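One structure is given here, and the rest of the page talks about it.
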Amino acid sequence: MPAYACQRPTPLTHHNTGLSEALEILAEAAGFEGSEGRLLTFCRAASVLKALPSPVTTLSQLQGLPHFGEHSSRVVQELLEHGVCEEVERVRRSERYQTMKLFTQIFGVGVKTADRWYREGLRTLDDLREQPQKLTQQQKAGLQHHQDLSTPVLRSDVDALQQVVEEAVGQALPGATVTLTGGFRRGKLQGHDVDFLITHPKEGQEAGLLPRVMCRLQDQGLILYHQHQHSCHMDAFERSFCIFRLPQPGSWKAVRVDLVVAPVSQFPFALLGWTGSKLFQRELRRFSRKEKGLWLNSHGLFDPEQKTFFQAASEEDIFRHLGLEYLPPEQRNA
DNA sequence: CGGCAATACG
DNA sequence: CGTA
DNA sequence: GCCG
Ligand SMILES: O=c1ccn([C@H]2C[C@H](O)[C@@H](COP(=O)(O)NP(=O)(O)OP(=O)(O)O)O2)c(=O)[nH]1
Ligand SMILES: [Cl-]
Ligand SMILES: [Cl-]
Ligand SMILES: [Cl-]
Ligand SMILES: [Cl-]
Ligand SMILES: [Mg+2]
Ligand SMILES: [Mg+2]
Ligand SMILES: [Mg+2]
Ligand code: NA
């Protein structure tokens with residue numbers, strides 16, 4: 001089993017679901033406490049189990065697996081012997097974990113804000129709603145639409161939203177393309193949002209696109225919220241983090257939609273980064289830097305010795321530049 | 001210990 | 001601070 | 001928390 005997640009296929013569904021889920025609780029809790037190193041290790045150990053070809057049924061099978069030390073192995077030992085891990089269960093039940101999970105899952109709220117609120121004594125969504133003047137516009141939107149944003153996004157929602165975005169993008173710029181990215185590109189059946197990457201075959205024509213797209217969506221009454229970021233080789237892409245009004249039979253629900261626009265020259269890097277998973281990209285970038293001495297981000301791949309950027313016409317190019325066997329998106333579910 | 005992905009945007 |  |  002190789003050490004980096006980008007060196008091994010990791011499918012969406014696998015043979016150690018229970019064990020990985022327990023380790024991911026501990027990762028999540030580590031994050032709430034500001035222990036980013038511990039979070040990373042628990043995430044990696046969970047991912048190692050996702051990549052295994054069959055179920056772990058005995059402690060000996062952890063021998064030699066990367067990222068399994070005393071702590072992670074104990075967790076798996078307890079699950080194997082008793083069906084539960086007391087540490088995991090204590091985390092689950094704790095007021096601190098449940099409140100941080102509640103707060104951090106609000107759009108516009110991160111660990112530091114959730115922690116401050118917790119320390120201030122706040123515990124519920126209604127507690128936050130009673131102090132509106134303190135909230136950012138993004139947080140106000142996240143709270144306003146919290147129930148809907150907590151509802152899993154389904155493939156049928158994706159299909160509908162893709163048609164809407166394709167229509168608006170096609171109205172805003174002839175020849176522009178829309179590519180589904182994020183978790184649904186990796187084969188996920190449900191998600192927290194829908195992510196789309198937009199480009200145009202003639203380099204430069206994609207500039208100045210999202211205000212036109214957003215105007216056209218607003219004119220259809222589809223936009224409940226959005227936050228636009230202008231673009232800057234480009235080292236920042238134009239982006240819009242949106243909440244769409246999605247029609248449902250006799251009603252509607254709010255859905256988070258992210259739009260990002262890249263020049264076609266950088267499209268493969270953007271697609272790679274935005275397709276994830278988050279752990280897959282952290283691992284891939286770590287591998288690039290530490291093993292190959294190349295610096296990878298959403299915009300490109302830089303050789304610091306030669307001081308040159310790699311051109312890429314595909315994700316396959318990028319894996320080749322890094323000396324990695326190609327993994328399709330469905331196997332990037334680290 | 002030194003590291004842990006990435007980073008301009010607002 | 002928070003965003004992908 | 002794990003790695004080197
Ligand atoms: O911290 C991050 C967040 C996201 N990303 C990349 C990978 C992720 O798959 C992609 C889309 O971000 P989302 O927050 O939309 N996650 P994803 O689409 O994978 O799952 P979901 O939207 O269902 O939570 O952006 C990172 O690289 N680092
Ligand atoms: Cl830590
Ligand atoms: Cl899924
Ligand atoms: Cl981006
Ligand atoms: Cl590609
Ligand atoms: Mg997503
Ligand atoms: Mg997203
Ligand atoms: Mg230390
Ligand atoms: Na959040």
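Just so we're on the same page: letters track the sequence lines, and every chain starts at 1.
Shown here are the side-chain contact (heavy atoms from CB on, under 4.5 Å) partners of A:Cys232, two or more places apart in sequence or in another chain: A:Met234, A:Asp235, A:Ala236. Remark: A:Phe184 pairs with no residue by the ring pair (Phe, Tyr, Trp, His ring centres under 6.0 Å) rule, at least two apart or across chains. With sequence neighbours excluded, the residues forming a side-chain contact (heavy atoms from CB on, under 4.5 Å) with A:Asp115 are A:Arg96, A:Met100, A:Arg119, listed by chain and number.
A:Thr113 comes within 4.0 angstrom of sugar-phosphate atoms only, judged by non-hydrogen atoms across all strands, and of no base. Within 4.0 Å of A:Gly37, counting heavy atoms only, lies at least one base atom of the nucleic acid.
Regarding A:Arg38, its CZ atom lies at a distance of 6 Å from the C1' atom of D:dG1, rounded to whole Å. Taking atom CZ of residue A:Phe287 and atom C1' of nucleotide B:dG3, one finds them 17 Å apart after rounding to whole Å. Rounding to whole angstrom units, CG of residue A:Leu39 and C1' of D:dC3 are separated by 17 Å. Rounded to whole angstrom, the span from the CD atom of A:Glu24 across to the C1' atom of D:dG1 amounts to 15 Å. Distance CZ (A:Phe237) to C1' (B:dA6): 12 Å, rounded to an integer number of Å. What separates OH of A:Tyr225 from P of C:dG2 is a distance of 13 Å, to the nearest Å. Computed from coordinates, the A:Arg44 CZ to D:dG4 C1' distance equals 13 Å when rounded to whole Å. As a whole-Å value, the separation of A:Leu210 CG from C:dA4 P is 15 Å.
Comparing the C1' positions of B:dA6 and C:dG2 gives an interatomic distance of 15 Å, to the nearest angstrom. Across D:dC3 and B:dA5, the matching P atoms stand 15 Å from one another, rounded to whole Å.
Among A:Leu12, A:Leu284, A:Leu272, the one residue that satisfies the side-chain contact (heavy atoms from CB on, under 4.5 Å) test with A:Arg332 is A:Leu272.
Counting only residues at least two apart or on different chains, the ring pair (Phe, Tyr, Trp, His ring centres under 6.0 Å) pairs with a member in residues 209-232 of chain A are A:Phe107-A:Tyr225, A:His228-A:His230. The side chain to side chain donor-acceptor pair (under 3.5 Å) pairs that include a residue from residues 243-255 of chain A are A:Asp157-A:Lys253, where partners are two or more places apart or lie in different chains.
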Protein-nucleotides 7-10 of chain B N/O pairs under 3.5 Å:
| unit_1 | atom_1 | unit_2 | atom_2 | d |
| --- | --- | --- | --- | --- |
| B:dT7 | OP1 | A:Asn297 | ND2 | 3.0 |
| B:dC9 | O2 | A:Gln229 | NE2 | 3.0 |
| B:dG10 | OP1 | A:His230 | N | 2.9 |
| B:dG10 | OP1 | A:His230 | ND1 | 2.9 |

Identify every side-chain donor-acceptor pair in residues 46-56 of chain A under 3.5 Å, counting partners at least two apart or on other chains, and give the distances.
| unit_1 | atom_1 | unit_2 | atom_2 | d |
| --- | --- | --- | --- | --- |
| A:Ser47 | OG | A:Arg8 | NH2 | 2.7 |
| A:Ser47 | OG | A:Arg44 | O | 2.7 |
| A:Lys50 | NZ | A:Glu24 | OE2 | 2.6 |

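When hydrophobic residues (I, L, V, M, F, W, Y) are linked wherever their side-chain heavy atoms come within less than 4.5 Å, the members clustered with A:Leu279 are A:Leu40.
Minimum interatomic distance between A:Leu296 and A:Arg285 (heavy atoms only, all atoms of both residues): O-CG, 3.6 Å.
With C:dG2, B:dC4, D:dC2 as the candidates, the nucleotide lying closest to the side chain of A:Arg286 is B:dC4.
The torsion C1'-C2'-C3'-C4' is the criterion here, and for B:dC1 it is negative, giving a south pucker.
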Subject >> Full working for side chain to side chain donor-acceptor pair (under 3.5 Å) between A:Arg185 and A:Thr275 >> reply: CA-CA 7 Å; A:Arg185 182 171 182 245; A:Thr275 295; 2.9 Å; yes
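For D:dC2, the OP1/OP2 oxygens have no side-chain nitrogen or oxygen of A:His67 closer than 4.0 Å. Taking 4.0 angstrom as the limit, A:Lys290 places a side-chain polar atom (N or O) nearer than this to OP1 or OP2 of B:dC4.
Non-hydrogen atoms lying under 4.0 Å from DNA chain B are contributed by A:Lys278, A:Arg282, all within residues 273-283 of chain A.
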